[PDB]
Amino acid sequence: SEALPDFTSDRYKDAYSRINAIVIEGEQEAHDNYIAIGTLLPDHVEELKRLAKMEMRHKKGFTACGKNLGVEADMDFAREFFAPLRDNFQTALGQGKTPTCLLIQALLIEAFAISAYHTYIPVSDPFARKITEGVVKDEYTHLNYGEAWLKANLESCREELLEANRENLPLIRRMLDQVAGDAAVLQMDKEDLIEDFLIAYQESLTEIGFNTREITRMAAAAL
C-alpha cells in the first residue's frame, strides 16, 4: 500500500506520458499488424478483423488512462520506440513472410504486452487497473491465435522462425532496456518484466512444438 506510486506527482506524470504513449502506439500497431496479416491469410480475415478490433478497444482504454491522470501522451517518443520492430514487420510483410509476421506480433509483442500488463496491474491507479485487467484476457487470445497457426505450420517454417527470433528477440530486449527507467518510476521492476516476458514466450514456443534444446538456443539469441 505504501509502495503504490503518487499518481498525482509531476515525476509520475512525466514517466507516464512516455509509458502511456508506448502502450497506445503498441495497440495501434497491433491493430495494423493483424489487418496486414489478413492480406497474407485471406481465409483468416474475419478472425483477424476481430482481433484487430480488440486492439482498438485496448487503445481507447489506455488512451482514457492517460486522460484520467491528466497526462499528455508523448506520441513521438512512442513512434520511435516501435520503429525498429515496425520496420522488421513491414519488411517481412512485403516479402510475404507470414510466419515472421506472426512471430513478431502474435508471439513477441503479445508476450511483451502480457508481461508488462501483469506487472503494471498491482501498481496501477484504480481506473487504469480495471482497464488493464480487462485487456490482459484478450492478449491470451491473441497469443493462442499465433501459437495455433505456427503449431499447424511448424514443419514448413521452422528455419524462418529461428531466423525471425534471432533478428527480433534482441529488439524486444532493447525495448525493455529503454522502458526500464520510466517503468521504475511506475513502481515496476525490470526483472519482473524480463522474467514474465521470457516465461510467456517460452511457453508459447513450447506449445508450438519446439523442444528444450531449441528454446534454450532461441532464448540465448537475446544476448
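We number the residues from 1 along the sequence you see.
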{"query": "Mean C-alpha temperature factor, higher of 103-111 and 76-84", "finding": "76-84"}
{"query": "Mean C-alpha B-factor comparison - 186-194 and 154-162, higher one", "finding": "154-162"}
{"query": "Identity of residue with top Cα B-factor, from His31, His58, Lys67, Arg173", "finding": "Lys67"}
{"query": "Peak C-alpha temperature factor (PDB record), options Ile208, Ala15, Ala21, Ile215", "finding": "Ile215"}
{"query": "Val123 - Cα temperature factor, lowest/middle/highest third of chain", "finding": "middle"}
{"query": "Entry-reported Cα temperature factor of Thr63, expressed as the chain third it lands in", "finding": "middle"}
{"query": "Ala116 CA temperature factor, ranked by third within the chain", "finding": "lowest"}
{"query": "CA B-factor placement of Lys137, once the chain's modelled residues are sorted into thirds", "finding": "highest"}
{"query": "B-factor third for the C-alpha atom of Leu93 within its chain", "finding": "middle"}
